[PDB]
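One chain comes next, on its own, written as structure tokens: the form deposited in one PDB entry.
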């Protein structure tokens, strides 16, 4: 018999770090939904603003991680995903399995589909980032590891994998220092309105979270 791989590999945040990031994300949703720039753009966010009332983003992102938060490196589907075996056989992956890492969170974001946190990997952590033969059209021209994120919430009919795609689309948009100017300032940083229902909070001070690199089997 052959050994199957994890569902996916990634960094799983400690209990304390997950709680700190989760709360920071929830506070962001509350502040954003209350901000006049967001309220004014609700039609670009939802088609159901027929009612001129307030959208509660915590409710909108009603599918959330139930427990510990994580940052996926390679989705393997037990070995069925393309590139899964190649990723898992790397020395660096086997050597790092079970080890602790610190991940830097540089931004929080919201789109009509997902709420998440942008992770900025170190050079060492980038060695654990996969390099496959399918660099999506979405990631082209962005540095390796740009997709690294923590999912904080998803709209009802959205899959968590969409969060990485949303982050890449946001990074394409702000690539050319194309942030322009902030539409406001929340307590933790500058708030950017990127159009098409996309919002990005750039943290004045990056958040550091501790996590264990390991395999999740579902």
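Residue numbers count along the first chain shown, from 1. So that the term is clear: the rigid core is the largest set of C-alpha atoms that superpose within 1.5 Å between two forms.
- Checked against the other entries of this protein, residue 52 counts as unresolved in at least one third of those spanning it.
- Notably, residue 85 is never a gap: all other compared entries of this protein, restricted to those modelling both its neighbours, have coordinates for it, so the one-third criterion is not met.
- Higher mean CA B-factor, judged across 160-168 and 43-51 from the recorded values: 43-51.
- On average the C-alpha atoms of 120-128 have higher B-factors than those of the other stretch, with 107-115 and 120-128 being the two compared.
- Based on the entry's C-alpha B-factors, the most elevated value among 23, 210, 205, 198 belongs to 205.
- In this entry, the residue among 63, 190, 36, 149 with the greatest C-alpha B factor is 36.
- Ranked by C-alpha B-factor against the other modelled residues of its chain, residue 69 falls in the lowest third.
- The PDB entry assigns residue 81 a C-alpha temperature factor belonging to the lowest third of its chain's modelled residues.
- In the PDB entry, a CA B factor belonging to the lowest third of its chain's modelled residues is recorded for residue 57.
- Among the modelled residues of its chain, residue 145 has a C-alpha B-factor that falls in the middle third according to the deposited record.
- The PDB entry assigns residue 100 a C-alpha temperature factor belonging to the lowest third of its chain's modelled residues.
Although it is not shown, the form deposited in another entry is what the next lines describe.
- Just one residue from the list 99, 94, 102, 135 crosses the 2 Å line for C-alpha shift between the shown form and the other one on a rigid core fit, and it is 135.
- Comparing the forms between the shown form and the other one on their rigid core, the Cα displacement of residue 178 reaches 2 Å or more.
- Between residue 109 and residue 138, the Cα spacing is larger in the other entry than in the shown form, differing by no less than 3 Å.
- In contrast to the form presented, in the other entry the C-alpha positions of residue 139 and residue 167 spread farther apart by 3 Å or more.
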